[PDB]
Protein chains: 4
Amino acid sequence: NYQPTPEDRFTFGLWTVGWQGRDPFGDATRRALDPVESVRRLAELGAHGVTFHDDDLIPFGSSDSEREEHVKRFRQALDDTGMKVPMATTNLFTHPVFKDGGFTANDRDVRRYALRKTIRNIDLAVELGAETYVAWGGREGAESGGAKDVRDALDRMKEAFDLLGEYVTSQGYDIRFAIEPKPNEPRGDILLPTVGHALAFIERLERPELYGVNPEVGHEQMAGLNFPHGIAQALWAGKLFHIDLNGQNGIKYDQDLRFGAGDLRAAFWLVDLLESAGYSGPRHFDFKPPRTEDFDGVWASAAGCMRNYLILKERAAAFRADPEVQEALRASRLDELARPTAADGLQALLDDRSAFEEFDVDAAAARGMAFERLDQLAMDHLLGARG
Amino acid sequence: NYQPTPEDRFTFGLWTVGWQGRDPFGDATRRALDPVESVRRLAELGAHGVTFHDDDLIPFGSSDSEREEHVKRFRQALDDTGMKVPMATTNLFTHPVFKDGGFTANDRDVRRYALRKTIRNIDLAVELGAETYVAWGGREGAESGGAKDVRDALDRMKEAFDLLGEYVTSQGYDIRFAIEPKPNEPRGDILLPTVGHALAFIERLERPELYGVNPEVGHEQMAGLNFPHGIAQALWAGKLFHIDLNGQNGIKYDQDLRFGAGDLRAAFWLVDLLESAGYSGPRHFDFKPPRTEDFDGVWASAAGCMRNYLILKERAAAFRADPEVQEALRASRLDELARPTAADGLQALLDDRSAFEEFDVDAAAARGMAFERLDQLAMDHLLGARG
Amino acid sequence: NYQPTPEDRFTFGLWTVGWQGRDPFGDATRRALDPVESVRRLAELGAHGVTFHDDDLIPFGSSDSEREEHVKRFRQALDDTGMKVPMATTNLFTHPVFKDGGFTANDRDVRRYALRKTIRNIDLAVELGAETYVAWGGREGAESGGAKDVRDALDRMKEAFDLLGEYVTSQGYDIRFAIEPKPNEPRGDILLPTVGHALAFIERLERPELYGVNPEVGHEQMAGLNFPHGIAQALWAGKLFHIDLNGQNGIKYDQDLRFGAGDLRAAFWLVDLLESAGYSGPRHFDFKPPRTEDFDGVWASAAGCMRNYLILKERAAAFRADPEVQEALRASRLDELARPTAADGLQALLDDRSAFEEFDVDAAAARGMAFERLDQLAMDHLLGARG
Amino acid sequence: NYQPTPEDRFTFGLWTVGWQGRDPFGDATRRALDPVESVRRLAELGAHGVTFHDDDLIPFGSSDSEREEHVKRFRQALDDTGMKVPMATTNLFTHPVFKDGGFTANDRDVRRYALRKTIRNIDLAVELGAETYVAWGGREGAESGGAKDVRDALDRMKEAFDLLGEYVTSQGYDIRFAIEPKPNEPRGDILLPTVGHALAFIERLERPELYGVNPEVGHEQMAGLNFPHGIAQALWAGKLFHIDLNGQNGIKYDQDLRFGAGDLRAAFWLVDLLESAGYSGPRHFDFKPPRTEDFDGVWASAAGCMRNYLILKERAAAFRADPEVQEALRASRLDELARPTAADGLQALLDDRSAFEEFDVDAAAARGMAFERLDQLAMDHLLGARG
Ligand SMILES: [Co+2]
Ligand SMILES: [Co+2]
Ligand SMILES: [Co+2]
Ligand SMILES: [Co+2]
Ligand SMILES: [Co+2]
Ligand SMILES: [Co+2]
Ligand SMILES: [Co+2]
Ligand SMILES: [Co+2]
């Protein structure tokens, strides 16, 4: 009953299931997990792949023999489980050397060290088999108005991203970059807060075909925006390379709950938008199990994310495959929305007398749009109570 | 004492001072104002120009003789006061024919009527002397997830904006377009909610040099974002053609208070950013006086906006012209932020041994950034208590 | 299929279905409705009763003959439909004489006029058969910090509510009062913003057994709080006399959507809390149909509110009547939450050695709470996918 | 220049200046501070006293000899500095045994252990000389709707607070209790989120004269409410026993910035309300220095909190002592707000013909309130630009 399979492209993170529960008012409630154990339990649950930070796989300040031993043990775990790695990311936020930032720091040697650590993790990501890179700007911001010059910081972020694009062009890899936006937490105001700010940063670079977005449901719900509107703008731009699925209960701190929890209707319209657009990337869950749970609660939340995605996929397919719903879609003129406005020309629009001169504004205004009947049909197909 | 002058480019709107106080739980508390009286009182207060909707100047469904009589009376008022018109906008939100939207509606004749009304107001705006056009997407959105298809709606908005750009290219005018973002109110989720979403829409058009943004302090503070960060990203893109100044007390409804009220520190850093960048456009106040006030309170709020801008301009100039502040700026390494990261090359960065191999992360992490001393100097220069 | 009946106590408002669609950026999209027509269509839909403002039933400044003609026509409509009136409220927000407030105004004659209008509407409410009175503080607040003295305003609100309690004690009626909280809109900061602020105001009055709360789902979701937590605190205090059900999509303006839309999981836990506590009052829907809809969309939204309540009542009863859910409730120690902490005494708690001295904090901390398995069971019972 | 003195009652916390900078995306950036060193540096800065958690002073699981050695060293530091202890609090949130909660937990032995730890810290607080106790409900809440029964949890919180009141009544101490509200972080929905919810909990207890509130500026600004409105309701109830002063930049995570930063106008009206009401308690700063700062930045922020309070005290006294401001206060009818509404009686109000019959609503509605001129006078007295 709603059993996940590796053909559904369900991927998880190592920091998701390996989170020890350290919130800033409490200590850790769970022990540290082996990545081999995490890969084997995610293979028993039915996932497709795992993602990793560099500090999640290899600990900080270790030797090259311990680095290649960790890479060999992780490669033996992936070869015995059959799982892939579709995405990797870097850690530029945990260490106190990155307390002002990574690529946009006030120290040039800290900026060069973050670039060198990023280039080493890109080499490890291509060596492990990833095809998407994610650069989350965690510490890139300020707590006051005079702590960062924002135009110079966008110049240094453009210089660092063009250096990474020049490095992958010179090595000839097939990896592509993704930018993960967030409005705040841990900084007061994180640079590029939204998907649109990330896309406007992407269209100013030198090689803009290698950069996309990695949006998050929770990170766009802390700004109070609409996540199907952001995903549909990113798909209209053709730049959605990766996605992150979690839950959020409104404008607050980053909770990172399981998928389906929080805004269930927005998750339903997100799953309906991805199934109607045909997004063929990985389905990544960047979530956190709560610190009141044990490891059985961790794997129960990891099963519940995939179960909620399969239930919402079945409800969205049953919503879109219905003749009464298609009659309500024809009654709400959404097929006339798909028609072009003026395909006859600008001179034909200026010479058409029925657009301004004989247009009846009262007869066009006394026409119901019937959106509430379609929304009640969507609510009945979501809850399963159809007559 | 802080007397405004027309060289300071202070502009207002007709709907700002002519607001009758109709909120959705109450009736109107003031009578309708004459635009001639509004232009003469704003000339006595010391403004530079006025802006207008088409429905603010000429009422709906009137004749051409009453239209040219209103244009002749407004032109006689501008010729006797000496004020200009730097900006005009259209009204696609008040009438019930635009209850689904203007350029992105589900009715093709409503879309063509909104385009024809926009072209007629562009002809009136060039005839009156404006050089910036503002298209605010007021009703462009939905209250449910299935009421709009967002990719087709962005296709129709791209088609309508390319038709307006083709019209001003064919007539050969010197006017430029501006897009005013808003997250919500009156719709549940308004398309292009932020400045970054507007810039990402601007970089997908066919002639992108004629389109910019018209951001608002309140409209970016209902999303919980940072308005100097948005204005600095719009100035880094080179697309800030117009601005709107008001106040807002957090994530709530659109209050549209006077300038200085609300986030005083964010208004101070906004005035400091505009004075350091040298923005030479109009200083427009899109504000609303409250409905508890009379007309003396309306002109007191209109004087208080310009007085708050001149006081914040003096405090920002006294903040930037100070040797102890410049010593704190050198101590916070913001001159090293202005230096480039790797101007020696990618191969020089990969061969530089001091970036990764002999980089001391503990000695680079045990260095204070001293942002709080600079923020206390900014607070002392804001409040005037300097020792 | 989920047909409503008058035994389910479903009540509506006259201003709900009679809303003409006047938002503050647009005009009215619908004509004015007859209250006789609204009562007859709500009787055909299956409601139990209607509520009214005084200005919704009798227009402002009319004669006593037109007042008794409107009362006679409304009484003939109620006698031919069989519907009741369980609740009435007053209008102290639409007229421009109440632009500073009603009971807490800066004018003593305006305060006395609001008290006299409230006493006349209480006499009409007892004459029509209501048993609950609602006093919504619409305009009771300020836009600046120096426009109201808040302690003197709470003194005048206490004086006005004690005068209304003295009036209903002197007339000997059986009506009870309810206070409806709201954080903002139309004022910047409305006095008594939450249910807890209303309860803390209720416990300072002279006759506190005649005052309760009338909370709203949307009005507590504009503050970002938890509405089952507020309803459970109001039921723990024993003061929940009335309720208002609508929808809201987060911290924004007051949308007043239909029930079920917005936070569906919070609506599910609200319906589960009311069905487990046994709240026997009216089920009132203070909602607004959108201005894109016609009258068929208005009655479709009015049917969809009752259909969503009956579907959530069936899902909450199927959630609570389940042995696997009861086993998860026993595993999550919520039966041990219902046990008292120290029923043996304070000296027995201080002399009990197993509370502090031999208490094993590691063995008590290494115990999973299993909340995620219970929340997945609640999500499966909400969506109907149970194996 | 604005030098603080111990007669101004400026108090700090040990966890404020001893915060190591551990946010949930990063590690610690500073070493652990000695409390003797913190008391001596706060005495050199000019504070009046220090507050403490029990885990801040004595570490967890230590012996009684190390406990009395820490108490003897802290007592020698207080005797050599001359500083007091006005307030103490307990730690029921850091350890993983309190991951579900303290007083409202699902485990009875965890509830009894939290009560015994609270009684031991009350004995240490009376032994050190404190007169106010603060019980912050950090972990008292849930992440889902079925994880806590809220009425049973309020019953157990009432039982635990009545047990603490019975303990201080039986020992005969002069200490009083304070409840610190917070909406969320670290839980999803913390029980008693606001000051009004805490006051409504206080008025249900058995001995309600020993319980008050300890509100925070940031904790009431994460709910989007008005903190002078909450402090004025707590002073109208007569229950403000303690206060916490910090800063917050809107509805987000708990930043805990320095005082004056964030909402400067709301901090100005808060300082004006405390100086006009005559609050004679301690002025406590529950703030966090940022992790980019060193120890000189920590003591610079600790000096800047007291400097911002003294500057706002001088500006509020200069605002209230002004004849033009008093003329605007008489013009805005705030002396008529202080007059009672109906001191002649209910029968005199019902027989007064000038309240309803000869009341001119148009002449009372065509009267300006002149709030914007008073708010401009308050802005000019805040910024110091007075003519
Ligand atoms: Co997240
Ligand atoms: Co993520
Ligand atoms: Co606005
Ligand atoms: Co504007
Ligand atoms: Co409402
Ligand atoms: Co209501
Ligand atoms: Co705090
Ligand atoms: Co605190």
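Ligands are counted one by one from 1 in listed order, and the atoms in each one are counted from 1 as well. In the text below, chain A, chain B and the rest are named by the order of the sequence lines, each starting its count at 1. The figures that follow rest on heavy atoms only: side chains count, while hydrogens, waters and symmetry mates do not.
- In this pair, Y133(C) and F177(C) present their aromatic rings perpendicular. The plane angle is above 60°, beyond the 30 to 60° band.
- No side-chain heavy atom of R176(C) sits under 4.5 Å from any side-chain heavy atom of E131(C).
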Which side-chain N or O atoms in residues 13-20 of chain D pair as donor and acceptor under 3.5 Å with protein atoms at least two apart or in another chain?
{"unit_1": "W15(D)", "atom_1": "NE1", "unit_2": "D286(D)", "atom_2": "OD1", "d": "2.7"}
{"unit_1": "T16(D)", "atom_1": "OG1", "unit_2": "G13(D)", "atom_2": "N", "d": "3.4"}
{"unit_1": "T16(D)", "atom_1": "OG1", "unit_2": "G13(D)", "atom_2": "O", "d": "2.4"}

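- Atom OD2 is the N, O or S atom of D254(C) at the shortest distance from the Co ion (ligand 5).
- A search for side-chain contact (heavy atoms from CB on, under 4.5 Å) contacts involving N91(C) returns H53(C), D54(C), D55(C), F93(C), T94(C), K117(C), not counting sequence neighbours.
- Only protein N, O or S atoms were considered, and those under 2.8 Å from the Co ion (ligand 6) are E180(C) OE2, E216(C) OE1, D244(C) OD2, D286(C) OD2.
- Applying the salt bridge (charged side-chain N to carboxylate O under 4.0 Å, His left out) test to residues at least two apart or on different chains, the pairs with a partner in residues 241-257 of chain D are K182(D)-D254(D).
- Taking the six-membered ring where the residue is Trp, the centroids of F10(D) and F285(D) are separated by under 6.0 Å.
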